[PDB]
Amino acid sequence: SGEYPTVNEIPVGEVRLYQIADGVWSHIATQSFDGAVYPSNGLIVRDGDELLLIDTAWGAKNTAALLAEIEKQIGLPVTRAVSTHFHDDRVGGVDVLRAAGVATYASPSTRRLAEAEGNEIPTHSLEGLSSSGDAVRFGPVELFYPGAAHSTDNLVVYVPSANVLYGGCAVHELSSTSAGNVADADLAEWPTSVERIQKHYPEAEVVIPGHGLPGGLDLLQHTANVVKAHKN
């Protein structure tokens, strides 16, 4: 009823949307992995009379439900999707998207990692993102490669019309004490990568993590802190 959705308020097998700004929504879904349940976020950005999707809803059925929720709530066609790293919470559902006619994109790094992992593989490669600090435009967003963090391939997404920074899994929510699933992380580089985000997007007004509640710029420093404490 207006609060940011959580696993306790999303019915089984469903997806919820949350309005972030004019023409900007997050999507929230839940999934189980290794016998625990987790929420995860993605982004939807209006692109004229079409939509740009950032990240799947973590699974084929969740991603089908995401498409249905978008049709119900927004009613504009999703024409393109970008996955911000190779893990299943970002690419699981790309096959659903592709069969629905959505053009799916990721960096070449992400596409290689997804293929090697046995995860679903976005169709189109996003060049111009291979060095830390690189940025490219993609419809109504800027894509930015901050360096290795949660994963070596993680991208961040900025919506300049609204000053919305979608950090993806390189950014944690404020209530976190721990640094999430670090299996593929670079804990030593992660703070440097966060510093690059802070320097590039100093006017961000909303910061959205890959999992959990959006907030402000504090999520960036908080993430650096939790990562350093984990490494320690």
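The first residue of the shown sequence is 1; numbering continues from there. We call the rigid core whatever largest set of C-alpha positions still superposes within 1.5 Å between the two forms.
Of 6 to 14 and 213 to 221, the stretch whose C-alpha atoms sit farther from the shown form in 9 other deposited structures of this protein, after fitting on the rigid core, is 6 to 14. Stretches 170 to 178 and 47 to 55 differ in mean C-alpha B factor, with the higher average recorded for 170 to 178. Comparing 94 to 102 with 136 to 144, the higher mean C-alpha B-factor in the PDB entry belongs to 94 to 102. In the PDB entry, the Cα temperature factor peaks, among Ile28, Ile70, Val164, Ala183, at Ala183. Listed residues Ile20, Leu217, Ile208, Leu17 were ranked by CA B-factor as deposited; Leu217 comes out on top.
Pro108: CA B factor in the middle third of modelled residues in this chain (values from the PDB entry). Residue-level temperature factors show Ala188 in the highest third of its chain, judged at the C-alpha atom.
Per the PDB record, residue ranking by Cα B-factor puts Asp153 in the middle third of the chain. In the deposited entry, the Cα temperature factor of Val82 places it in the lowest third of its chain's modelled residues.
Compared with the other modelled residues of the chain, the Cα B-factor recorded for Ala65 ranks in the lowest third.
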